[PDB]
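Here the chain labels run A, B, C, D, E and F in written order, and each chain numbers its own residues starting at 1.
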């Protein structure tokens, strides 16, 4: 089988699927929805011509003459195996296309074994004889225009997609945009959808290492396709809401505990530009007490020792006296 | 893949139901064994 | 039937760009490789894929494969680029697997001027006639470009039978030199009265003669 | 869109988050039934007239700025939390801050590891109060007055 | 550091057989596939065949099947391309070239090459003809001193002068292909005319494969 | 859309197995911590 590496594509994958010539288009490890918007490292194209009945053998986990002794696919195959009928073109008849039936062992996945070695199924060690019990392993396709269903010629091109092998230059179109840093954006940096802010990475990477797989198997390292710089992927800033309430018959005053984020980061870590105008009073406070589990915004710090009414994290309590955010006495 | 994987899903929920109710019964005979430690700690080795 | 076709030569100025291509029908469906062979040593690979380069060779050399062409680009041409280049498209070739090589491109740098040839002709000495043998030697070693035509005439007869000529080779200061030898028995050395070594370079000719004592 | 798929099941993760919330409030209840038995805190006394019973490792130290004791300086230093918290991976990490951490991708996990409501200096304050109750109180300090 | 070491040069008769070798060390030789590429002087590089050393499977070019006997031995890690029934067109340099571990098979390491000579000429010891300036247009009118060597078939002839102590102005041209098969070199010098009678000149010619050395002093 | 409904549904059941395991563990922590509340009340605040 012929092998081609394809490196630079900016054009789309829309011609893959979406045509009636492509009759069989089962994609195992990827969806056809992902074809239009993806970005990958390497593209390999494998091409051969088979019969119609052995179309089902070219799959993960399938067996036969072709899948054992001619062409092997792995079980975790990411890509699309394509089959289409070619009855007019290859069948004139013509017997020039061959296949391998006899081999000593089954083939490894994506491994090519070209040989004209006589298979030893007989007692004698005969060499170079095309006769009885010296089996020549190559047999010919008997293609005629009188072929039945499953015995007509079919043409196959197999596309495989790879990760963490090459600098990513093979990926489809979006809106023409330039890079910004130090702000929270939907980055598509080598074309993957996600939200994060990237800095320059201090890691030294070999040039086959393009992406990264962490302990949760997400992308944590990435390299630019134009400049050969290295950057890491983390998402934007986090925080939480824990509301201080008395009973609703008493008062409608509240305060917010923020659970562990420093108070200069908490206007930035919340989406305060798109927030409700009530809550940004409760995000930037005049009396803000930083403690171990963050800081409480929307109440007043007093020093005086009161017994606890509302049990609140990191040694603070609240009481209705206005609501005071006091270090609790014990 | 589809039918054997649906069998592994059903047998995995059957095995998870078996080990979930056996973890709850492991908590019940574990509470009965903590009870069978405290009983005979002051039932046999002591007097309640 | 697939055979790789390459042009014979291309000449560029130093510091400029060079366009060397190896392109045929449906070469974009196959892989292209490129190699460098200097004169008299082992070949070195300089381009690994359609565009990817190996280590050692810098970003001066680049290429691309699209359609019916695969063109190597050489940027900021220096003196060291003058070598032989071959494209190595692998093909199935009717299920007989072949490693097809190209015809070869010879890339030459410019910047060296033309010098006129000076001729040195040598008579056969008396010590070689003591060994009963004669040799008329004409050495030309003072011109930079091309190959000159050496002719011999002896007593209104153009002598061709007996002329042995070494191929011209690069000397130490990278300039061409050619050597021609004529073998003769010593009794015809004194029989014929006139001899000539005539050298033609770019239309003009330089001719000198020798006297047989 | 995942969150809309999760709200198609409705009240799983309401009860799952309420169950872990009840576990966290239950650990606050465990922390208050263990340590917060009394509301009569005796503060840390000058070390005098203890009869020779050397309590220097279990009272809090004056030298170190936190209220953790030298026996607690053994126990808080050998138990590795593997950098589990809120601020360590979420607070400073608007961008790439402290990569190749001991635990990774908690940003895609969202493990809000809350600090305890009684902190370790205030657990040290309650246990020092329970200490000074045991030094110069009987069992009478848990019975109100 | 992957290196490929070939054997010494070959001198042969037509119809004989070669034993061209290519030794490799420092890497696992059996996993990696070896090609042989020939190159005549004045011609492009020509693929001859491909060889897998561990399995022993050999594929050959469509013109060269049967004649070519590419073999191997992992006992001493040496390959052997033994071509048989030598003919006059088979004079070239032979390169052992390894394809890559990755697929599509770029050639990544080569050998330095060894040269085979196919001719029917016999071996013969060298004869020495000197030339010295003794007259006008051989002396005076811009002409040199020399020593001419012929009647030798193998390539290595070592020339140094005046007991091997003269270096200045020495030119050693490559040997011309004479039609009888016996090659010839001409060595010249540039010397001062006043030093012709005061300094003696000796032409030393050494040739190891025929073991014949003819040397004598050169004077006008 | 029905494809990643089932593909995300394969990822959904990991958390309930976790909080069931952590809730039997939290019942064990609650048993040892009511045991610890009993140990402060009857070993520190009293004598058992």
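FYI, a residue touches a chain if its C-beta (ideal position, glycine included) is under 8 Å from a C-beta of that chain, and two chains touch if they have at least 3 such contacts.
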| item | value |
| --- | --- |
| Contact-graph distance - origin chain B, target chain E | 4 |
| Nearest-to-centre chain - CA centroid comparison | A |
| Selected pair, greater C-beta contact count between A-E and C-E | C-E |
| Centroid spacing, where centroids are CA-atom means, of chain B and chain C in whole angstrom | 90 |
| Between chain D and chain A, distance of the C-alpha-averaged centres to the nearest whole Å | 40 |
| Whole-Å gap between the CA centroids of chain E and chain F | 84 |
| Two or more partner chains touched - positions in chain D | none |
| Chain C residues counted as touching two or more neighbouring chains | 31, 49, 97 |
| Residues of chain E touching at least two other chains | 59, 104 |
| In contact (per the touch rule at the top): chain pairs | A-C, A-D, A-E, B-F, C-E, D-F |
| Touch list for chain C against partner chain A, complex | 29-31, 49-52, 64, 92, 94-95, 97 |
| Chain D - residues contacting chain A, complex | 28, 32, 36, 39, 41, 85-87, 90-97, 99, 104-105, 107-110, 112, 114-119, 122, 125-126, 129 |
| Partner chain F, residues of chain D touching it in the complex | 2, 5-6, 9, 12-13, 16, 19-20, 23, 26-27, 30, 33-35, 37-38, 130, 134, 139, 141-142 |
| Complex interface listing, chain A residues touching chain C | 2-5, 7-8, 96, 98, 114 |
| Chain F residues touching chain B - in the complex, by the definition given at the top | 17, 20-21, 24, 27-28, 31 |
